[PDB]
$ cat my_file_10.pdb   # PDB, C-alpha atoms
ATOM      1  CA  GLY A   1     -15.137  -2.308   1.879  1.00  0.00           C
ATOM      2  CA  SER A   2     -15.798  -3.859   5.264  1.00  0.00           C
ATOM      3  CA  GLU A   3     -16.462  -0.580   7.117  1.00  0.00           C
ATOM      4  CA  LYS A   4     -17.611  -2.170  10.373  1.00  0.00           C
ATOM      5  CA  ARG A   5     -17.946  -5.950  10.333  1.00  0.00           C
ATOM      6  CA  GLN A   6     -14.664  -7.737  10.806  1.00  0.00           C
ATOM      7  CA  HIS A   7     -11.284  -7.897   9.123  1.00  0.00           C
ATOM      8  CA  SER A   8     -11.841 -10.861   6.796  1.00  0.00           C
ATOM      9  CA  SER A   9      -9.350 -13.507   7.895  1.00  0.00           C
ATOM     10  CA  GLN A  10      -8.651 -14.919   4.450  1.00  0.00           C
ATOM     11  CA  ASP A  11      -4.871 -14.474   4.627  1.00  0.00           C
ATOM     12  CA  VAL A  12      -4.343 -11.330   2.569  1.00  0.00           C
ATOM     13  CA  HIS A  13      -1.584  -9.188   1.100  1.00  0.00           C
ATOM     14  CA  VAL A  14      -0.903  -5.620   2.149  1.00  0.00           C
ATOM     15  CA  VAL A  15       0.764  -3.900  -0.761  1.00  0.00           C
ATOM     16  CA  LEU A  16       3.665  -1.605  -0.125  1.00  0.00           C
ATOM     17  CA  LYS A  17       4.354   0.662  -3.050  1.00  0.00           C
ATOM     18  CA  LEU A  18       7.627   2.526  -3.475  1.00  0.00           C
ATOM     19  CA  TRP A  19       7.341   6.085  -4.724  1.00  0.00           C
ATOM     20  CA  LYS A  20       9.644   9.032  -5.379  1.00  0.00           C
ATOM     21  CA  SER A  21       8.645  10.656  -2.111  1.00  0.00           C
ATOM     22  CA  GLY A  22       7.800   7.681   0.062  1.00  0.00           C
ATOM     23  CA  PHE A  23       5.789   4.510   0.397  1.00  0.00           C
ATOM     24  CA  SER A  24       2.123   3.589   0.725  1.00  0.00           C
ATOM     25  CA  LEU A  25       0.333   0.603   2.166  1.00  0.00           C
ATOM     26  CA  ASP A  26      -2.993  -0.850   0.973  1.00  0.00           C
ATOM     27  CA  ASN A  27      -4.449   0.547   4.191  1.00  0.00           C
ATOM     28  CA  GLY A  28      -3.148   4.090   3.892  1.00  0.00           C
ATOM     29  CA  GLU A  29      -1.590   6.703   1.648  1.00  0.00           C
ATOM     30  CA  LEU A  30       1.923   7.677   0.559  1.00  0.00           C
ATOM     31  CA  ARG A  31       4.284   8.520   3.384  1.00  0.00           C
ATOM     32  CA  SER A  32       7.581  10.136   2.373  1.00  0.00           C
ATOM     33  CA  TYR A  33      10.935   8.543   3.304  1.00  0.00           C
ATOM     34  CA  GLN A  34      11.692  11.346   5.780  1.00  0.00           C
ATOM     35  CA  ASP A  35       8.872  11.716   8.310  1.00  0.00           C
ATOM     36  CA  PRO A  36       9.579  10.340  11.832  1.00  0.00           C
ATOM     37  CA  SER A  37       6.108   8.754  11.955  1.00  0.00           C
ATOM     38  CA  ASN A  38       6.776   6.809   8.776  1.00  0.00           C
ATOM     39  CA  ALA A  39       9.996   5.675  10.414  1.00  0.00           C
ATOM     40  CA  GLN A  40       8.146   2.848  12.220  1.00  0.00           C
ATOM     41  CA  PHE A  41       6.934   1.294   8.978  1.00  0.00           C
ATOM     42  CA  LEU A  42      10.322   1.845   7.343  1.00  0.00           C
ATOM     43  CA  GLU A  43      12.142   0.327  10.311  1.00  0.00           C
ATOM     44  CA  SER A  44       9.802  -2.601  10.912  1.00  0.00           C
ATOM     45  CA  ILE A  45       9.365  -3.401   7.224  1.00  0.00           C
ATOM     46  CA  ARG A  46      13.135  -3.021   6.895  1.00  0.00           C
ATOM     47  CA  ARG A  47      13.498  -5.898   9.328  1.00  0.00           C
ATOM     48  CA  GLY A  48      10.461  -7.878   8.317  1.00  0.00           C
ATOM     49  CA  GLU A  49       8.356  -7.067  11.332  1.00  0.00           C
ATOM     50  CA  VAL A  50       4.752  -6.026  10.904  1.00  0.00           C
ATOM     51  CA  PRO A  51       3.489  -2.429  11.217  1.00  0.00           C
ATOM     52  CA  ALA A  52       0.209  -2.206  13.107  1.00  0.00           C
ATOM     53  CA  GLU A  53      -1.655  -0.710  10.143  1.00  0.00           C
ATOM     54  CA  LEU A  54      -1.304  -4.034   8.334  1.00  0.00           C
ATOM     55  CA  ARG A  55      -2.539  -6.156  11.220  1.00  0.00           C
ATOM     56  CA  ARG A  56      -5.246  -3.516  11.607  1.00  0.00           C
ATOM     57  CA  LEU A  57      -6.067  -4.204   7.954  1.00  0.00           C
ATOM     58  CA  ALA A  58      -6.083  -7.981   7.749  1.00  0.00           C
ATOM     59  CA  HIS A  59      -7.078 -10.206  10.613  1.00  0.00           C
ATOM     60  CA  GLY A  60      -4.050 -11.082  12.745  1.00  0.00           C
ATOM     61  CA  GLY A  61      -3.185 -14.037  10.549  1.00  0.00           C
ATOM     62  CA  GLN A  62      -1.315 -14.020   7.268  1.00  0.00           C
ATOM     63  CA  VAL A  63      -0.792 -10.344   6.819  1.00  0.00           C
ATOM     64  CA  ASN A  64       1.810 -10.416   4.067  1.00  0.00           C
ATOM     65  CA  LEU A  65       3.403  -7.294   2.674  1.00  0.00           C
ATOM     66  CA  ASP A  66       3.955  -7.259  -1.078  1.00  0.00           C
ATOM     67  CA  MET A  67       6.240  -4.588  -2.512  1.00  0.00           C
ATOM     68  CA  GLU A  68       5.739  -2.685  -5.752  1.00  0.00           C
ATOM     69  CA  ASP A  69       7.853  -0.033  -7.419  1.00  0.00           C
ATOM     70  CA  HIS A  70       6.306   3.034  -9.037  1.00  0.00           C
ATOM     71  CA  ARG A  71       8.498   5.882  -7.803  1.00  0.00           C
ATOM     72  CA  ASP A  72       8.062   8.710 -10.336  1.00  0.00           C
ATOM     73  CA  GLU A  73       4.385   7.778 -10.420  1.00  0.00           C
ATOM     74  CA  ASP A  74       4.037  10.048  -7.382  1.00  0.00           C
ATOM     75  CA  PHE A  75       1.187   8.348  -5.562  1.00  0.00           C
ATOM     76  CA  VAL A  76      -1.509   5.963  -6.813  1.00  0.00           C
ATOM     77  CA  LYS A  77      -2.819   3.339  -4.362  1.00  0.00           C
ATOM     78  CA  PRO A  78      -6.267   4.188  -2.797  1.00  0.00           C
ATOM     79  CA  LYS A  79      -7.037   6.344  -5.832  1.00  0.00           C
ATOM     80  CA  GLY A  80      -8.500   3.445  -7.792  1.00  0.00           C
ATOM     81  CA  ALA A  81      -7.915   0.233  -9.734  1.00  0.00           C
ATOM     82  CA  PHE A  82      -5.645  -2.474  -8.385  1.00  0.00           C
ATOM     83  CA  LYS A  83      -1.838  -2.355  -8.173  1.00  0.00           C
ATOM     84  CA  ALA A  84      -2.239   0.962 -10.041  1.00  0.00           C
ATOM     85  CA  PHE A  85      -1.280  -0.778 -13.308  1.00  0.00           C
ATOM     86  CA  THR A  86       2.042  -2.529 -12.735  1.00  0.00           C
ATOM     87  CA  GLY A  87       1.329  -4.733 -15.742  1.00  0.00           C
ATOM     88  CA  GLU A  88       4.018  -4.244 -18.391  1.00  0.00           C
ATOM     89  CA  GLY A  89       4.887  -0.632 -17.730  1.00  0.00           C
ATOM     90  CA  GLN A  90       3.717   1.733 -15.022  1.00  0.00           C
ATOM     91  CA  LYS A  91       0.222   3.287 -14.734  1.00  0.00           C
ATOM     92  CA  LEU A  92       0.107   3.428 -18.553  1.00  0.00           C
ATOM     93  CA  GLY A  93      -1.489   6.828 -19.045  1.00  0.00           C
ATOM     94  CA  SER A  94      -4.022   6.349 -16.226  1.00  0.00           C
ATOM     95  CA  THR A  95      -6.805   7.310 -18.621  1.00  0.00           C
ATOM     96  CA  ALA A  96      -9.510   6.873 -15.996  1.00  0.00           C
ATOM     97  CA  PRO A  97     -11.665  10.056 -15.823  1.00  0.00           C
ATOM     98  CA  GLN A  98     -13.813   8.171 -13.317  1.00  0.00           C
ATOM     99  CA  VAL A  99     -13.075   6.167 -10.169  1.00  0.00           C
ATOM    100  CA  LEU A 100     -15.463   3.261 -10.652  1.00  0.00           C
ATOM    101  CA  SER A 101     -16.132   1.042 -13.688  1.00  0.00           C
ATOM    102  CA  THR A 102     -12.515   1.499 -14.797  1.00  0.00           C
TER     103      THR A 102
END
$ encode --input "my_file_10.pdb" --output "structure tokens"
Amino acid sequence: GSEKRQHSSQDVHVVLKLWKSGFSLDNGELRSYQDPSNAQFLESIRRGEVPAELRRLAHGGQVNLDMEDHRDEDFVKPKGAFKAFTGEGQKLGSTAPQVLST
């Protein structure tokens, strides 16, 4: 976590995950496909334009948005791990009683 340094300009991916309620970005949490504030993301990402949260995540260079599908996984993005286990299956039990070291 950078906290307060700079947004490392190393050309990074902002993951957009598709859920049963909405979508989440690597910068934020799940926003349902209904809310008028999520509409910006939905509309811009629909086109291919960049929501501010992504450019406010990576430096203003290669901010690329990578899409994942999870859907009935509810929401798992900030929670822990990476990609929330999209490797052959989905979440796969999520047997992580802890946040770190797993």
$ residues_around --input "my_file_10.pdb" --residues "residue 80 of chain A" --least-positions-apart "3" --cutoff "12 Å" --atoms "all atoms listed in the file" --output "PDB file with C-alpha atoms, keeping the file's coordinate frame"
ATOM      1  CA  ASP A  26      -2.993  -0.850   0.973  1.00  0.00           C
ATOM      2  CA  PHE A  75       1.187   8.348  -5.562  1.00  0.00           C
ATOM      3  CA  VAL A  76      -1.509   5.963  -6.813  1.00  0.00           C
ATOM      4  CA  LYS A  77      -2.819   3.339  -4.362  1.00  0.00           C
ATOM      5  CA  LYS A  83      -1.838  -2.355  -8.173  1.00  0.00           C
ATOM      6  CA  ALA A  84      -2.239   0.962 -10.041  1.00  0.00           C
ATOM      7  CA  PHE A  85      -1.280  -0.778 -13.308  1.00  0.00           C
ATOM      8  CA  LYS A  91       0.222   3.287 -14.734  1.00  0.00           C
ATOM      9  CA  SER A  94      -4.022   6.349 -16.226  1.00  0.00           C
ATOM     10  CA  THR A  95      -6.805   7.310 -18.621  1.00  0.00           C
ATOM     11  CA  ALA A  96      -9.510   6.873 -15.996  1.00  0.00           C
ATOM     12  CA  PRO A  97     -11.665  10.056 -15.823  1.00  0.00           C
ATOM     13  CA  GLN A  98     -13.813   8.171 -13.317  1.00  0.00           C
ATOM     14  CA  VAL A  99     -13.075   6.167 -10.169  1.00  0.00           C
ATOM     15  CA  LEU A 100     -15.463   3.261 -10.652  1.00  0.00           C
ATOM     16  CA  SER A 101     -16.132   1.042 -13.688  1.00  0.00           C
ATOM     17  CA  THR A 102     -12.515   1.499 -14.797  1.00  0.00           C
TER      18      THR A 102
END
$ closest_residue --input "my_file_10.pdb" --among "A:22, A:55, A:16, A:79" --to "residue 39 of chain A" --atoms "all atoms listed in the file"
A:22
$ resolve_selection --input "my_file_10.pdb" --expression "the PyMOL selection byres ((chain A and resi 29) around 12)" --output "ChimeraX atom specification"
/A:15-19,21-28,30-32,38,53,74-79
$ resolve_selection --input "my_file_10.pdb" --expression "the PyMOL selection byres ((chain A and resi 65) around 9)" --output "ChimeraX atom specification"
/A:12-16,25,45,50,54,63-64,66-67
$ residues_around --input "my_file_10.pdb" --residues "residue 52 of chain A" --least-positions-apart "4" --cutoff "9 Å" --atoms "all atoms listed in the file" --output "list in words"
residues 41, 56 and 57 of chain A
$ atom_distance --input "my_file_10.pdb" --atom1 "atom CA of residue 35 of chain A" --atom2 "atom CA of residue 71 of chain A"
17.1 Å
$ closest_residue --input "my_file_10.pdb" --among "A:70, A:20, A:4, A:59" --to "residue 89 of chain A" --atoms "all atoms listed in the file"
A:70
$ residues_around --input "my_file_10.pdb" --residues "residue 2 of chain A" --least-positions-apart "4" --cutoff "12 Å" --atoms "all atoms listed in the file" --output "PyMOL selection string"
chain A and resi 6-9+57-58
$ write_last_selection --input "my_file_10.pdb" --atoms "C-alpha atoms" --output "CSV table (one decimal), in the coordinates of the input"
chain,number,residue,atom,x,y,z
A,6,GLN,CA,-14.7,-7.7,10.8
A,7,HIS,CA,-11.3,-7.9,9.1
A,8,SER,CA,-11.8,-10.9,6.8
A,9,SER,CA,-9.4,-13.5,7.9
A,57,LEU,CA,-6.1,-4.2,8.0
A,58,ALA,CA,-6.1,-8.0,7.7
$ atom_distance --input "my_file_10.pdb" --atom1 "atom CA of residue 49 of chain A" --atom2 "atom CA of residue 61 of chain A"
13.5 Å
$ closest_residue --input "my_file_10.pdb" --among "A:44, A:10, A:86, A:37" --to "residue 62 of chain A" --atoms "only C-alpha atoms"
A:10
$ axis_aligned_box --input "my_file_10.pdb" --around "segment 22-37 of chain A" --padding-each-side "5 Å" --output "lines of an AutoDock Vina configuration file"
center_x = 3.6
center_y = 5.4
center_z = 6.0
size_x = 26.1
size_y = 22.6
size_z = 21.9
$ closest_residue --input "my_file_10.pdb" --among "A:81, A:90, A:43, A:51" --to "residue 68 of chain A" --atoms "only C-alpha atoms"
A:90
$ atom_distance --input "my_file_10.pdb" --atom1 "atom CA of residue 40 of chain A" --atom2 "atom CA of residue 72 of chain A"
23.3 Å
$ build_atoms --input "my_file_10.pdb" --residues "segment 55-85 of chain A" --atoms "N, CA and C atoms" --output "tab-separated table (two decimals), keeping the file's coordinate frame"
chain	number	residue	atom	x	y	z
A	55	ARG	N	-1.79	-5.23	10.37
A	55	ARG	CA	-2.54	-6.16	11.22
A	55	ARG	C	-3.89	-5.54	11.59
A	56	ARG	N	-3.98	-4.22	11.48
A	56	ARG	CA	-5.25	-3.52	11.61
A	56	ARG	C	-5.96	-3.44	10.26
A	57	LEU	N	-5.45	-4.16	9.27
A	57	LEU	CA	-6.07	-4.20	7.95
A	57	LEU	C	-6.60	-5.61	7.72
A	58	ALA	N	-5.70	-6.58	7.77
A	58	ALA	CA	-6.08	-7.98	7.75
A	58	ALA	C	-6.29	-8.45	9.17
A	59	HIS	N	-7.01	-9.54	9.32
A	59	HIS	CA	-7.08	-10.21	10.61
A	59	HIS	C	-5.66	-10.62	10.99
A	60	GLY	N	-5.42	-10.88	12.27
A	60	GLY	CA	-4.05	-11.08	12.74
A	60	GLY	C	-3.42	-12.39	12.30
A	61	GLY	N	-3.77	-12.84	11.10
A	61	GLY	CA	-3.18	-14.04	10.55
A	61	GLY	C	-2.14	-13.71	9.52
A	62	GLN	N	-2.21	-14.34	8.35
A	62	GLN	CA	-1.32	-14.02	7.27
A	62	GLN	C	-1.57	-12.62	6.74
A	63	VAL	N	-0.92	-11.66	7.37
A	63	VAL	CA	-0.79	-10.34	6.82
A	63	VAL	C	0.56	-10.27	6.13
A	64	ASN	N	0.56	-10.39	4.81
A	64	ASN	CA	1.81	-10.42	4.07
A	64	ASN	C	1.97	-9.12	3.31
A	65	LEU	N	3.17	-8.57	3.31
A	65	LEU	CA	3.40	-7.29	2.67
A	65	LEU	C	4.13	-7.49	1.35
A	66	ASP	N	3.45	-7.10	0.28
A	66	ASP	CA	3.96	-7.26	-1.08
A	66	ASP	C	4.43	-5.91	-1.60
A	67	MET	N	5.66	-5.86	-2.09
A	67	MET	CA	6.24	-4.59	-2.51
A	67	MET	C	6.11	-4.36	-4.01
A	68	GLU	N	5.77	-3.13	-4.37
A	68	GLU	CA	5.74	-2.68	-5.75
A	68	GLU	C	6.62	-1.46	-5.92
A	69	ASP	N	7.10	-1.24	-7.12
A	69	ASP	CA	7.85	-0.03	-7.42
A	69	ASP	C	7.07	0.81	-8.41
A	70	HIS	N	6.97	2.10	-8.14
A	70	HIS	CA	6.31	3.03	-9.04
A	70	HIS	C	7.12	4.32	-9.12
A	71	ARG	N	7.56	4.77	-7.95
A	71	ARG	CA	8.50	5.88	-7.80
A	71	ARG	C	8.01	7.18	-8.44
A	72	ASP	N	8.40	7.44	-9.68
A	72	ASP	CA	8.06	8.71	-10.34
A	72	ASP	C	6.59	8.77	-10.73
A	73	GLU	N	5.83	7.80	-10.26
A	73	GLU	CA	4.38	7.78	-10.42
A	73	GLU	C	3.70	8.61	-9.34
A	74	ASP	N	4.52	9.28	-8.53
A	74	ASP	CA	4.04	10.05	-7.38
A	74	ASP	C	3.32	9.16	-6.39
A	75	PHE	N	2.01	9.19	-6.43
A	75	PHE	CA	1.19	8.35	-5.56
A	75	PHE	C	-0.11	7.90	-6.23
A	76	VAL	N	-0.28	6.59	-6.33
A	76	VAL	CA	-1.51	5.96	-6.81
A	76	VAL	C	-1.72	4.60	-6.13
A	77	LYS	N	-2.54	4.58	-5.09
A	77	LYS	CA	-2.82	3.34	-4.36
A	77	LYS	C	-4.32	3.23	-3.99
A	78	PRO	N	-4.83	4.11	-3.14
A	78	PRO	CA	-6.27	4.19	-2.80
A	78	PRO	C	-7.09	4.73	-3.95
A	79	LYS	N	-6.45	5.62	-4.70
A	79	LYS	CA	-7.04	6.34	-5.83
A	79	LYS	C	-8.02	5.51	-6.65
A	80	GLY	N	-7.62	4.30	-7.02
A	80	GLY	CA	-8.50	3.44	-7.79
A	80	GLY	C	-7.75	2.32	-8.45
A	81	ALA	N	-8.49	1.40	-9.07
A	81	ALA	CA	-7.92	0.23	-9.73
A	81	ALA	C	-7.17	-0.64	-8.74
A	82	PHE	N	-6.43	-1.61	-9.24
A	82	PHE	CA	-5.64	-2.47	-8.38
A	82	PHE	C	-4.20	-2.52	-8.86
A	83	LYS	N	-3.28	-2.44	-7.91
A	83	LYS	CA	-1.84	-2.36	-8.17
A	83	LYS	C	-1.44	-1.07	-8.90
A	84	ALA	N	-2.45	-0.29	-9.32
A	84	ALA	CA	-2.24	0.96	-10.04
A	84	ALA	C	-1.50	0.72	-11.36
A	85	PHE	N	-1.81	-0.42	-11.99
A	85	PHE	CA	-1.28	-0.78	-13.31
A	85	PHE	C	0.23	-1.00	-13.29
